[PDB]
Each structure stands twice: as C-alpha cells, then as structure tokens.
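Encoded as structure tokens, the following chain is the form deposited in one PDB entry, with no partner shown.
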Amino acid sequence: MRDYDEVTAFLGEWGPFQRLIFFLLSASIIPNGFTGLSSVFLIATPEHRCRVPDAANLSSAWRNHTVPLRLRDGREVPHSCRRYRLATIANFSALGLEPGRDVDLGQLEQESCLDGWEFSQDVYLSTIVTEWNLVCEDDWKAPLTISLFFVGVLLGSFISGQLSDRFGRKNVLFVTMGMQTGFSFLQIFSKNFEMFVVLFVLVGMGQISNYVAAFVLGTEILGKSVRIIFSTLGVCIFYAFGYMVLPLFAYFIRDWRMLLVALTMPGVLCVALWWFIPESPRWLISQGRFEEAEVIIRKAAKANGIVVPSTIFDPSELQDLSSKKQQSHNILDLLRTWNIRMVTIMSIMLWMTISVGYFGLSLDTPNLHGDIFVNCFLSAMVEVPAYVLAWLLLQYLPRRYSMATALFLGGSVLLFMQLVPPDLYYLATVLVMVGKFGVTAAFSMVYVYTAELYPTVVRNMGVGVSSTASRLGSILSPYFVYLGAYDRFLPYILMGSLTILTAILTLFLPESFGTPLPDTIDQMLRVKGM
C-alpha cells in the first residue's frame, strides 16, 4: 500500500482544487477569531457606584457626597459598593445641615447599594455585567462565565475528536460550525444570566470543535508542500484577522446585544461551504471506504484538468486493506501502547503550558495602560508576525529546536518584567507584546507538531485530547487578576518559569521534520526509550 501522498501525486501541489480548499477552509476560521476572545467586551465591568434615586431631593452639597471615597489605585474615587445611609442623609438635608461644615463624614452610617448601581457610559453602553449587575456581591459571576466558556471548550475538544475520527471530518466540521452560529444567535435573546452562561458554554464547545475539524481536514487534504502554509499562513492568519476586527466592531457598537449580532452574522455565510468542501480521502482510505476516496480524487483531478490514470489503486492495494476495513479505534488506543502513551503525555504537557501563557496574556489586555480598543488591536496585530515566524521555522528548521527557541524567547521575555522602571509603562507594554508574540508562535507550531505526530486513524482524537488538557489553564486564566493582589509581577514570573521549564522538555519529542504523515499506529515515530 503506497502512501497517500504518492497515490495522489499526479494532482499536483497547487491548482484550482487545492486553492479552493485552502481558501475556503481558511475562511471558516474568521468566525473563530471573532468568537474566541469576545468576552473581553461582552463581560467588561464599567465603573459603578450606588444609585441614589432622584425622589430624594437632597441638597446639592449632599448630592456631592452621597458615597464614600476610597484609594482605588491612589485615585480618590467613589466607593463602588457602599453609600451613606440614605435616610440619614435626607434627614440632615431637611434639617439644613451640610457635609463637612456640620456633619463629619467619618461617622456617617454606611449601607449597601440598595437601589442598584449607576454604570459609567464613558466606555461601554451596556454589557452583561450591567445587564444583570454582576458587581459587588456577585462580581464573581463574570470570571465564572469565562471559566464556564473554557470548560465548554474543554468538553468540545474532548468529544469532537472522537466523533470526527468515527463518523468523518466534514460532518463534524459542519455540525459544530452550525452549533457555534446557532447558539451565538440565541444569546442575543437571552433573558436570564443562567441561560446566557449555558449558551456561552455551548458556543465555546462548538467553536473549538469546528476549529480543530477544519484544521485537521485541511491538513489531510493538502499536500506536504502546502501543508505548513495552510497551517500557519492559512488558519492562523485568518484567525488573527478575525481577532483584529473584533475591537473594530466593539468600538462602533457599545451594546452587547448589537455587538453579538455583528459578530454572529458573518459566520452564517459558511453554509455555502457544504457544496465545495469534500470528505478527507485520506481518512476514507484509512477506514477502507475506497470507492468514496476514489470518487473524490477523480473529481479533484477533473477540476484541475488532469487526465486520471487507469486505476488509482493497484488491486493488490485494494486487497491489502480488506483486513483493515474491520477494526476500529477509540480513546483507549492513545494509551494502549507505551510509545503512543508517552507521546500523548508529552503533547498534553506542551499544550497545557503553552495555552496557560497564551490565554493569560490575551485576557489581560483590559488591565494594560491605555485605551482598551487600542490595546486589544495591538494584541491581535502582533500575532501575524508570530505566524509568519512560525511558518518560516516549520519550513526550514527541525521541530524540536524551533519549538525550544520559541518557548525560551517567550518565557525569558516575560521573566524580566520585574526589571521595568515604574514610570516607563511603554517598556512593560512592549515586553508583554513580545511575550505574546513568542507564545503565539509556539502555539501555532504545536498544532502542526501534534497533527504530524499522530496517525490518521487517531489524528483528530489525538489533537482533541491534547487540546482538552490544554484548557485547564484557560479555565483558571480569568482568576490571574486575583493573583495580582499578592504581587503585580508574580503572574508573569509564573508564566515565564513554566514556559522556560517546558522549553527543556521539548527536546525529548521525536523529530518529525521531513517525514510523511503516518497512517497507522505502527508507523508513528518511536520515542527515545523502550
């Protein structure tokens, strides 16, 4: 049985068929760029304080002093969850006394925001935080919302992989793409916080599923030369485009419902891909469905205007796979044997440590000095050079050395955050941007590495499993802001240390550079051990 690459060598690397698949699978990823980090604006927290109803016709002086002031970052600003006792203030106002001149504010009774909160309109007109007052006693629900979204991503990564490796890749791709769009649509008409969180979980669950499905399907369809280009300058750059345009929508649309409408609509256009994206012939050949693979190959050859040979498969090849048409694979196969088990463990460690840093930096943009939209754009913008560098490294360098260098750069850049002077914010900003650049390059490369390592029989399952354990860090990523209380530089120290320690581990992975994609568990590379 000749390798799939040799069987379809006559189609050529570039042509109408490959070009169409390349750009339609790349286009599918823009909605993922929109959705992945939308929580930055949908779950923003505008400045707030207790509302004092206008019914209480307090004196002007008292309406200057209805709320205690506090040292929030040394800025003398109103307290966000307390007010002076309204009845007492009204009584003093009626009696004629005024703050300071007659009543000492230090002795005034304080009470919670009984009449709600007034959110500032300077940045956001409305978000879910303002919609359901996820502030003060309920401030923990926002990071909980993001954590649940990443939990949905975890579940999607786990399930979609097995579903795809069982019932093909096109079906799962389209089903979960429709899931993402549909459950994004319902969120607009959300009426309760609980329904919103459920829908958000489902949205993430479809989002990651269809991202991975498109990535794997394109990796299998396209040839060796264009595989790396598709992986790096394709899916990842189109993701970067979506992520860069997200803040553009946010800038002109300050309402979370309208913003969600804008973000969801462009994903609807993906329906047109059904009549053009075919099932992976590699996967079909693996499952033993030779007729469908042959039909797809003949269609592709006709598209490119290439005369098909007399027979795609030598009869001997057809009889060879008769025995392999019977067996089946499941999750337990990734741990049945020693070699695949070790590969899986190392891949899980790589993915977890990379994603920790990636989503730690990505979600931290709001806290950075300067305009939120500009910071978000810069965070998205810096990715494109990262993917170009990833492309170059995968093309011209061994996987191990390139991954080690990328991780080492990302870790070392962050680890030095403590040395920045206090007043030089821009130095910290560029350090964070360079760390993001390195971690993004590493994340782009790890996808290709994992895809190459696993065989086609369990390729999607393997990538999904690796992505599943990856989201543990993302789940706790929103809570890094809490850790900042202990020390501002501590989270950067931890991310850098984790990345540096990872970089060493990468040297033990098998070298897959310049190696054809395996098709069976007995063809994958052997770890340097048993």
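Don't overthink the numbering: it's just position in the shown sequence, from 1. Whichever C-alpha set is largest while still superposing within 1.5 Å between the two forms counts as the rigid core.
This protein has a second form, the form deposited in another entry, left out of what is shown; the following refers to that one.
>> Quick check on the comparison between this form and the one not shown: with the core aligned, only one of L86, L321, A142, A262 should show a Cα shift of at least 2 Å. Which one is it?
In response: Just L321.
> After superposition on the rigid core, does the Cα atom of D333 shift by at least 2 Å between this form and the one not shown?
Replying inline: Indeed, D333 is displaced by 2 Å or more.
>> Is the shift of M195 between this form and the one not shown large enough to count as movement, that is, does its C-alpha move by 2 Å or more after the core is superposed?
In response: No, because once the rigid core is superposed, the C-alpha of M195 moves less than 2 Å between this form and the one not shown.
> When you overlay the rigid core, is the Cα of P398 off by 2 Å or more between this form and the one not shown?
Replying inline: True for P398: a C-alpha shift of 2 Å or more.
> Given that the CA-CA distance for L222 and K324 shifts by 3 Å or more in that other deposited form, does it become closer or farther?
Replying inline: It is closer: in that other deposited form, the C-alpha atoms of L222 and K324 lie at least 3 Å nearer than they do here.
> Which way does the C-alpha gap of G204 and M461 go in that other deposited form, closer or farther, given it changes by 3 angstroms or more?
Replying inline: Relative to the displayed form, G204 and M461 move farther apart in that other deposited form - a change of at least 3 Å between their C-alphas.
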